[PDB]
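Undergrad: First the structure, which I've put down as structure tokens, then a few questions once you've had a look.
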Amino acid sequence: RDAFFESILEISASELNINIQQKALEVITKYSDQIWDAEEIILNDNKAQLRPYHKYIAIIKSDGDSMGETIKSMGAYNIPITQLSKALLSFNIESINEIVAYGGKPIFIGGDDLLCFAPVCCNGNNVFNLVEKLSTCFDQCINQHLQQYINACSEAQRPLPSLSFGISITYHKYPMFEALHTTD
RNA sequence: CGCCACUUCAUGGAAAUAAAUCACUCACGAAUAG
Ligand SMILES: Nc1ncnc2c1ncn2[C@@H]1O[C@H](COP(=O)(O)OP(=O)(O)OP(=O)(O)O)[C@@H](O)[C@H]1O
Ligand SMILES: [Mn+2]
Numbered sequence: 201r202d203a204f213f214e215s216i217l218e219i220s221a222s223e224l225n226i227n228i229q230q231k232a233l234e235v236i237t246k247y248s249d250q251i252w253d254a255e256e257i258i259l260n261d262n263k264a265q266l267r268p269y270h271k272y273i274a275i276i277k278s279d280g281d282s283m284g285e286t287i288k289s290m291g292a293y294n295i296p297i298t299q300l301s302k303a304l305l306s307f308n309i310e311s312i313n314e315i316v317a318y319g320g321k322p323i324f325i326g327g328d329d330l331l332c333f334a335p336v337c338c339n340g341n342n343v344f345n346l347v348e349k350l351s352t353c354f355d356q357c358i359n360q361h362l363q364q365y366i367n368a369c370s371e372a373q374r375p376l377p378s379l380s381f382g383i384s385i386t387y388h389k390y391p392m393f394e395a396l397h398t399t400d
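Numbering (the authors' numbering), first residue to last: 201 to 204, 213 to 237, 246 to 400.
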């Protein structure tokens, strides 16, 4: 209710325009194992257009780099932290928008982290394309809101705040606990 | 006009030179874990 997508395979092959949730529910009609198996064999006999990247799952984890250091650097130049809050919130909203646009799934947070469950390739768009768009969105929000900090601390020299990225691509099997720890 | 032969029996040069020296495809696939 306060929110408004499961298994591991449905968002690995969200490109065929095929609704595995509906057919899996029809077949099954405790829960997770049976529907997991149903989705598995449904896209097993969807072999006609199934490429090897349709069975691989990409986990994307990102965190903000030196946020406290950026805060301390803005403190020297008399720059409010409200601008940083603005940039982070706008980046998070745009991140959710473009992650659902790409074909993946946002899971974790709209803070300075992001854990996304995305297919390797949907509509000819990579997970690396998704990472590039996320980085560009974060840079755009930083520049748009911290413009004062941008043209005040970057002329002489400084690295601007950025986000480091962690991507893990594994089979739909090979459970996602180990994959999550590998991503971490 | 008559008569009649002896000689000489491979040397020098080139003796391999360039091109290609691996190429493409497959570099794990399923099952068992979740
Ligand atoms: N809306 C916001 N505005 C400003 N700062 C924020 C906001 N939300 C979170 N933060 C900051 O995020 C920080 C948490 O960042 P985190 O600890 O993940 O990374 P870091 O220590 O900056 O980076 P790294 O590990 O790369 O050195 C907190 O110190 C907090 O001040
Ligand atoms: Mn963080």
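We put the CB at the ideal spot given by N, CA and C, even for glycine.
#1: Hey, which unbroken runs of the beta strand (DSSP E) at 3 residues or more fall wholly within the segment 253 to 289?
#2: Nearest to residue 275 by CA position, among 331, 306, 218, is which residue?
#3: Under three-state DSSP, which class holds residue 237?
#4: Can you give me the start and stop residues for the beta strand (DSSP E) that residue 395 sits inside?
#5: Give the DSSP-derived three-state secondary structure of residue 370 in the structure shown.
#6: Does the Cβ-Cβ distance between residue 312 and residue 273 come in under 8 Å?
#7: Which full runs of the alpha helix (DSSP H) of 4+ residues lie inside the segment 331 to 365, going along the chain?
#8: Please tell me whether, using a cut-off of 7 Å, the distance from the CB of residue 328 to the nearest non-hydrogen atom of ligand 1 is below it.
#9: Helix, strand or coil: how does DSSP classify residue 387 here?
#10: Measuring CB atoms only, is the segment 379 to 399 touching the segment 344 to 358, in the sense that at least three cross pairs come out at less than 8 Å?
#11: For the alpha helix (DSSP H) containing residue 311, name the first residue and the last one.
#12: Going by alpha carbons, who is nearest to residue 321 out of 307, 336, 389, 327?
TA: Let me spell this out:
#1: 272 to 281
#2: 331
#3: coil
#4: From DSSP, residue 395 is part of no beta strand (DSSP E) but of the alpha helix (DSSP H) over 392 to 399.
#5: coil
#6: no
#7: 343 to 361
#8: yes
#9: strand
#10: yes
#11: 298 to 318
#12: 336
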